[PDB]
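Chemist: The structure that follows is given in the form of structure tokens.
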Amino acid sequence: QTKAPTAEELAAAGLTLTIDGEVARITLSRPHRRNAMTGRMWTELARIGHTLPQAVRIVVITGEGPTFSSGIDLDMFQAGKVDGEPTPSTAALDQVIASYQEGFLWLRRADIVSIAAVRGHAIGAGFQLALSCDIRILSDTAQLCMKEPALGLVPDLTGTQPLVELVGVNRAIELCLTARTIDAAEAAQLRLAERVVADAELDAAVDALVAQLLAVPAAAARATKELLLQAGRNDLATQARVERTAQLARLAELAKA
Amino acid sequence: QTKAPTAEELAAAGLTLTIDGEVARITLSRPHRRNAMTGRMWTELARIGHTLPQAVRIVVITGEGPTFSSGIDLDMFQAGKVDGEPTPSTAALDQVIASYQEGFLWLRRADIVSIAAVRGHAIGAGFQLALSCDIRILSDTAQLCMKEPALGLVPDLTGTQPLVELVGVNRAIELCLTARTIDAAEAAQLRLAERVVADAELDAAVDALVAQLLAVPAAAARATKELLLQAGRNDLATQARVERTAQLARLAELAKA
Amino acid sequence: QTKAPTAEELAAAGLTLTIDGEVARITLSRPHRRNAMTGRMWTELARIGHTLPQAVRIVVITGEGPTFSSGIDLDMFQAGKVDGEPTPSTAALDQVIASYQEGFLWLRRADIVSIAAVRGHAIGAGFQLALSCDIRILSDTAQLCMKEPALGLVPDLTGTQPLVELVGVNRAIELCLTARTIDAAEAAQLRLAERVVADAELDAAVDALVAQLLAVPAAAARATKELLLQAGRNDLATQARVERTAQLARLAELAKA
């Protein structure tokens, strides 16, 4: 919108947002349903993204309760409304899915560092939300599962690309085509978690990471993330040119100050 | 061909094929030569690929005996016929090598999951065959070696791309330009094996993986593999579009049933 | 130049070069400043690259003393000359940075295998130098840090691409946007080191790697490195074609001998 979602509107969609200076914390807030996700949840995540204050540069996504997210609410695969919105002509459906994917795409923005702090299960859409973030910090209780193929579906919430980046195509095939669940130890071995900590220490681990990030100047953090996101698809000559162009802008700003 | 290779024809090329419903098992069957590969073997692997029944969605490649494959039969580097076929103008040679590479390229098909179950040495062409599969399960006896450069040759049986995907360019350079042999522990550390099991347990490990794969519906498995194979080279916007296009086709099929 | 830099010229830039047959050893030689790098150092590294004898196929980069490199000399961020050269219109600056990046780009050449042998800290530009090499062998004393963002700068000495290749985009974001220091154990876990050895064993480990590399014929090593560098950005069909084209050239040369 132009208007940021209100706390009341977010509560109706199963979310909480708090902002403290440069840090925004989004909490999945349907513990009674193990933070199962709905269309409304996804479109409100997109609206949070589109309306975040310019000063926010770090976004932490957490769940309430012991489970990060059990994935799509199973009510979404029936006729009636969910979270007040009507569930899932082909063009229409395509537009709807695109609208949901917007809730995950913004987590890649160069001007934020997005962090998923995952306890318990992150299943399907929930795994994809965690994959969509820059960084994952897992509790030792975390369990990850790309469940969609077991349901007859593909992963369509933008998780395929980060999965392949993290684990390689071959392991991605094995995880997705078995739809198996992996524990935090395995997740760490496969580079799916940047850090694994004891459950009781997850909030402190997130806070420590946030403090490290805040200590690096915002503009250099943003420029560097933008460079890193381009590096895999550019040839080396091109990437060197992109790097130097970015450095010229940093030097120009530092000269102004 | 139109016609699948017969068991007799395959035996003359050093191979066995058995099909049981949705699963095909190809066994390299020259244990007396440590499953060294020949031109005939490669072109018959291509013909198996081209003629597989539509119902087959899983392909397991194994060796007979303690060695997966010692790589190219050293008789291939002389004048006389091998396996009845004449060994390796420049255009002709190029066509011949292309014909051999077809024996490995089909293992990437989206409609199959290919699994290499590797005991003992997988050298050169043998390593490349294992690399060409989606998944590798290694015995604790497995030893892998990209030998070609030590012989004055390059890897030309399609192994370079999967190697780089699995281990990264830098480690790939180190493994290939030293032509060193690595053991199963190292192979697991480097992501070259998805699983390492005791030698006596390799058949059971393959069966367990096959059972997991069969439990996921075929059409969703195929669509998801197709998505995963595209993810590395697409930008994120494009991959999101590809994902949603694939989901629309899944939803349309699920609606028909 | 046409002329290789002299030992005297290199000493003035903080470097030593020795060549013994097929192996060149470049040593960063300002231990009193912890091998901090300067513009002159970078441009002389480029000149070493451009003038290396054709017979050199292996390049080892080491530091004198306990620290590989503390990164850019802090004198480079002031008015006066450094190493006799004047420090860092926008076009001019762009040309200057491009000239420095040439000191790192040549380490990717297909006709060499470049090896960084790292003790102690490799910070910023120093980390990027190590990243620019094909292979890193670390002492157990090694500490790596992408410091630039903490200084308000981006990494612009060509390190972004190898970093992302080695560790994946997500971990690269975490390392760069925290500007944190990692130890050799972590570096090994993240694939930043191909090998980690005890400090006293680093020279022997480098020598052992050099011996393995020399045992593989030069032309096959060069062709294979060239193939590996292309594999990530090519589709599989294309890479198979590139591989076979390269094999035809190997077979033609082997037939001549």
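Just so we're on the same page: first chain in the structure tokens is A, next is B, and so on; residues restart at 1 for each chain, and ligands are numbered from 1 in the order they show up.
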Within 6 Å of chain A, which residues of chain C come that close, and what is the closest atom pair and distance in Å for each? Count only C-alpha atoms and give it as a Markdown table.
Modeler:
| residue | atom | partner | partner_atom | distance |
| --- | --- | --- | --- | --- |
| C:149 | CA | A:220 | CA | 5.2 |
| C:150 | CA | A:216 | CA | 4.8 |
| C:152 | CA | A:220 | CA | 5.1 |
| C:153 | CA | A:220 | CA | 5.6 |
| C:154 | CA | A:224 | CA | 5.5 |
| C:156 | CA | A:243 | CA | 4.8 |
| C:158 | CA | A:240 | CA | 5.4 |
| C:161 | CA | A:231 | CA | 4.9 |
| C:170 | CA | A:134 | CA | 5.4 |
| C:177 | CA | A:221 | CA | 5.5 |
| C:178 | CA | A:213 | CA | 5.0 |
Chemist: At a cut-off of 12 Å, using only C-alpha atoms, what residues contact residue 104 of chain B? Leave out same-chain residues fewer than 5 positions from it and give the result as a ChimeraX atom specification.
Modeler: /B:41-50,61,97-99,109,114,116,125-134,156-159,162 /C:236-237,240
Chemist: Name the residues of segment 2-171 of chain B that come out as alpha helix (DSSP H) in a backbone DSSP run; write them as a short mmCIF file (atom, residue, chain, number, x, y, z; two decimals) with N, CA and C atoms, in the first residue's frame.
Modeler:
data_model
loop_
_atom_site.label_atom_id
_atom_site.label_comp_id
_atom_site.auth_asym_id
_atom_site.auth_seq_id
_atom_site.Cartn_x
_atom_site.Cartn_y
_atom_site.Cartn_z
N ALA B 7 19.09 -58.31 -23.70
CA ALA B 7 20.07 -58.78 -22.72
C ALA B 7 21.33 -59.36 -23.34
N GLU B 8 21.18 -60.10 -24.45
CA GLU B 8 22.35 -60.61 -25.12
C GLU B 8 23.25 -59.49 -25.66
N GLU B 9 22.64 -58.53 -26.30
CA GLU B 9 23.40 -57.39 -26.84
C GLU B 9 24.12 -56.61 -25.72
N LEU B 10 23.41 -56.42 -24.64
CA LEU B 10 24.00 -55.72 -23.47
C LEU B 10 25.13 -56.52 -22.86
N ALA B 11 25.03 -57.83 -22.80
CA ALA B 11 26.09 -58.66 -22.22
C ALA B 11 27.31 -58.51 -23.09
N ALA B 12 27.16 -58.40 -24.41
CA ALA B 12 28.31 -58.24 -25.30
C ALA B 12 28.98 -56.89 -25.11
N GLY B 39 33.79 -48.11 -25.94
CA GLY B 39 32.88 -47.40 -26.82
C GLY B 39 31.52 -48.06 -26.96
N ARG B 40 31.50 -49.36 -27.12
CA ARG B 40 30.27 -50.11 -27.20
C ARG B 40 29.42 -49.96 -25.96
N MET B 41 30.04 -49.99 -24.79
CA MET B 41 29.37 -49.81 -23.51
C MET B 41 28.67 -48.42 -23.54
N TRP B 42 29.41 -47.39 -23.94
CA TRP B 42 28.85 -46.05 -23.90
C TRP B 42 27.67 -45.90 -24.85
N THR B 43 27.82 -46.39 -26.06
CA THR B 43 26.73 -46.27 -27.01
C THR B 43 25.51 -47.15 -26.64
N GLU B 44 25.75 -48.28 -25.97
CA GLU B 44 24.63 -49.07 -25.49
C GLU B 44 23.96 -48.39 -24.28
N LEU B 45 24.71 -47.73 -23.41
CA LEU B 45 24.07 -46.91 -22.37
C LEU B 45 23.16 -45.83 -22.96
N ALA B 46 23.58 -45.20 -24.05
CA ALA B 46 22.77 -44.21 -24.71
C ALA B 46 21.49 -44.89 -25.23
N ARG B 47 21.62 -46.11 -25.80
CA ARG B 47 20.44 -46.75 -26.39
C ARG B 47 19.49 -47.18 -25.30
N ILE B 48 20.04 -47.63 -24.16
CA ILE B 48 19.16 -47.92 -23.02
C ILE B 48 18.36 -46.66 -22.64
N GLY B 49 19.04 -45.53 -22.53
CA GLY B 49 18.37 -44.26 -22.24
C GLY B 49 17.27 -43.90 -23.20
N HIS B 50 17.55 -44.07 -24.48
CA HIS B 50 16.65 -43.60 -25.53
C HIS B 50 15.41 -44.50 -25.62
N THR B 51 15.52 -45.75 -25.14
CA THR B 51 14.44 -46.70 -25.29
C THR B 51 13.79 -47.14 -23.98
N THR B 90 38.71 -35.45 -38.32
CA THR B 90 38.48 -34.78 -37.04
C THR B 90 36.96 -34.63 -36.82
N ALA B 91 36.23 -34.31 -37.90
CA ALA B 91 34.76 -34.26 -37.85
C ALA B 91 34.14 -35.63 -37.41
N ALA B 92 34.72 -36.70 -37.96
CA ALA B 92 34.30 -38.05 -37.66
C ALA B 92 34.50 -38.39 -36.19
N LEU B 93 35.69 -38.04 -35.72
CA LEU B 93 36.06 -38.27 -34.32
C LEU B 93 35.15 -37.48 -33.40
N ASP B 94 34.84 -36.26 -33.79
CA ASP B 94 33.98 -35.42 -33.02
C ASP B 94 32.59 -36.11 -32.89
N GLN B 95 32.11 -36.65 -34.00
CA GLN B 95 30.81 -37.38 -33.98
C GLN B 95 30.85 -38.62 -33.10
N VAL B 96 31.96 -39.31 -33.12
CA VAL B 96 32.10 -40.46 -32.28
C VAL B 96 32.09 -40.10 -30.80
N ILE B 97 32.88 -39.10 -30.40
CA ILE B 97 32.88 -38.68 -29.00
C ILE B 97 31.51 -38.20 -28.58
N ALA B 98 30.81 -37.48 -29.45
CA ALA B 98 29.45 -37.00 -29.16
C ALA B 98 28.52 -38.23 -28.88
N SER B 99 28.72 -39.27 -29.69
CA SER B 99 27.92 -40.50 -29.50
C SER B 99 28.19 -41.13 -28.15
N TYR B 100 29.42 -41.06 -27.65
CA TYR B 100 29.73 -41.61 -26.34
C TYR B 100 29.15 -40.76 -25.26
N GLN B 101 29.25 -39.45 -25.37
CA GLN B 101 28.67 -38.56 -24.37
C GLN B 101 27.18 -38.73 -24.20
N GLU B 102 26.43 -39.16 -25.22
CA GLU B 102 25.04 -39.48 -25.11
C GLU B 102 24.77 -40.57 -24.09
N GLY B 103 25.74 -41.45 -23.84
CA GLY B 103 25.55 -42.45 -22.81
C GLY B 103 25.47 -41.93 -21.43
N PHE B 104 25.93 -40.68 -21.18
CA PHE B 104 25.96 -40.04 -19.88
C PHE B 104 24.93 -38.90 -19.80
N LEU B 105 24.65 -38.20 -20.91
CA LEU B 105 23.78 -37.03 -20.85
C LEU B 105 22.38 -37.35 -20.42
N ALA B 125 36.59 -42.10 -16.65
CA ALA B 125 35.22 -42.30 -17.17
C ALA B 125 34.23 -42.83 -16.17
N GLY B 126 34.74 -43.70 -15.26
CA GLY B 126 33.94 -44.21 -14.18
C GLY B 126 33.48 -43.21 -13.18
N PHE B 127 34.37 -42.27 -12.82
CA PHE B 127 34.02 -41.13 -11.99
C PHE B 127 33.03 -40.27 -12.67
N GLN B 128 33.24 -40.01 -13.97
CA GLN B 128 32.30 -39.22 -14.72
C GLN B 128 30.92 -39.82 -14.83
N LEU B 129 30.84 -41.16 -14.91
CA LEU B 129 29.55 -41.81 -14.90
C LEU B 129 28.85 -41.54 -13.55
N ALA B 130 29.56 -41.69 -12.47
CA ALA B 130 28.99 -41.42 -11.15
C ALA B 130 28.55 -39.96 -10.99
N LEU B 131 29.34 -39.04 -11.53
CA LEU B 131 29.06 -37.60 -11.50
C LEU B 131 27.84 -37.23 -12.33
N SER B 132 27.57 -38.01 -13.33
CA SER B 132 26.48 -37.78 -14.26
C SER B 132 25.12 -38.13 -13.66
N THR B 160 32.75 -32.61 -16.19
CA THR B 160 33.31 -31.34 -15.67
C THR B 160 32.26 -30.49 -14.99
N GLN B 161 31.08 -30.37 -15.58
CA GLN B 161 30.04 -29.55 -15.00
C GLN B 161 29.56 -30.04 -13.66
N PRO B 162 29.20 -31.33 -13.50
CA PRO B 162 28.76 -31.80 -12.17
C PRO B 162 29.87 -31.71 -11.14
N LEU B 163 31.12 -31.94 -11.53
CA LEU B 163 32.21 -31.84 -10.61
C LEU B 163 32.26 -30.42 -10.03
N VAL B 164 32.22 -29.44 -10.92
CA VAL B 164 32.32 -28.06 -10.47
C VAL B 164 31.13 -27.72 -9.59
N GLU B 165 29.93 -28.17 -9.99
CA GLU B 165 28.71 -27.91 -9.16
C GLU B 165 28.89 -28.47 -7.76
N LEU B 166 29.37 -29.67 -7.64
CA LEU B 166 29.48 -30.39 -6.38
C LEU B 166 30.53 -29.77 -5.48
N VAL B 167 31.72 -29.57 -6.03
CA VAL B 167 32.89 -29.19 -5.19
C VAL B 167 33.38 -27.79 -5.34
N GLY B 168 32.87 -27.03 -6.31
CA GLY B 168 33.34 -25.70 -6.61
C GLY B 168 34.52 -25.75 -7.56
N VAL B 169 34.68 -24.71 -8.34
CA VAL B 169 35.75 -24.66 -9.33
C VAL B 169 37.15 -24.90 -8.76
N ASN B 170 37.37 -24.33 -7.55
CA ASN B 170 38.71 -24.35 -6.99
C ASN B 170 39.10 -25.76 -6.60
N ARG B 171 38.27 -26.47 -5.85
CA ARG B 171 38.55 -27.83 -5.53
C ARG B 171 38.58 -28.72 -6.79
#
Chemist: Skip residue 182 of chain C itself and residues of its chain fewer than 5 positions away, then list as a list in words all residues within 8 Å of it, counting only C-alpha atoms.
Modeler: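 In the requested format, the answer is residues 143, 144, 145 and 187 of chain C.
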Chemist: Identify, with DSSP run on backbone atoms, the residues in segment 47-214 of chain A assigned to strand (DSSP E), and express the list as a PyMOL selection string.
Modeler: chain A and resi 58-63+113-118+121-123+135-139+143-145+181-183+195-197
Chemist: Got a sec: who's within 8 Å of residue 37 of chain C, counting only C-alpha atoms, leaving out chain neighbours fewer than 6 positions off, as a ChimeraX atom specification?
Modeler: /C:69-73,125-126
Chemist: Write the residues of the preceding selection, restricted to C-alpha atoms, as a short mmCIF file (atom, residue, chain, number, x, y, z; two decimals), in the first residue's frame.
Modeler:
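Generated file (again.cif):
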data_model
loop_
_atom_site.label_atom_id
_atom_site.label_comp_id
_atom_site.auth_asym_id
_atom_site.auth_seq_id
_atom_site.Cartn_x
_atom_site.Cartn_y
_atom_site.Cartn_z
CA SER C 69 48.85 -9.73 4.72
CA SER C 70 47.18 -7.18 6.86
CA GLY C 71 45.46 -5.77 3.78
CA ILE C 72 45.81 -2.28 2.35
CA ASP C 73 48.53 -0.13 3.92
CA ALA C 125 43.04 -7.08 0.11
CA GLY C 126 45.05 -9.91 1.57
#
Chemist: Within 8 Å of residue 62 of chain C, counting only C-alpha atoms, which residues show up once you throw out same-chain ones fewer than 5 positions away? Write them as a list in words, please.
Modeler: residues 25, 26, 27, 28, 68, 116, 117 and 118 of chain C
Chemist: Record the distance separating atom CA of residue 202 of chain C and atom CA of residue 21 of chain C, expressed in Å with one decimal.
Modeler: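 One can read the atom CA of residue 202 of chain C to atom CA of residue 21 of chain C distance as 21.3 Å.
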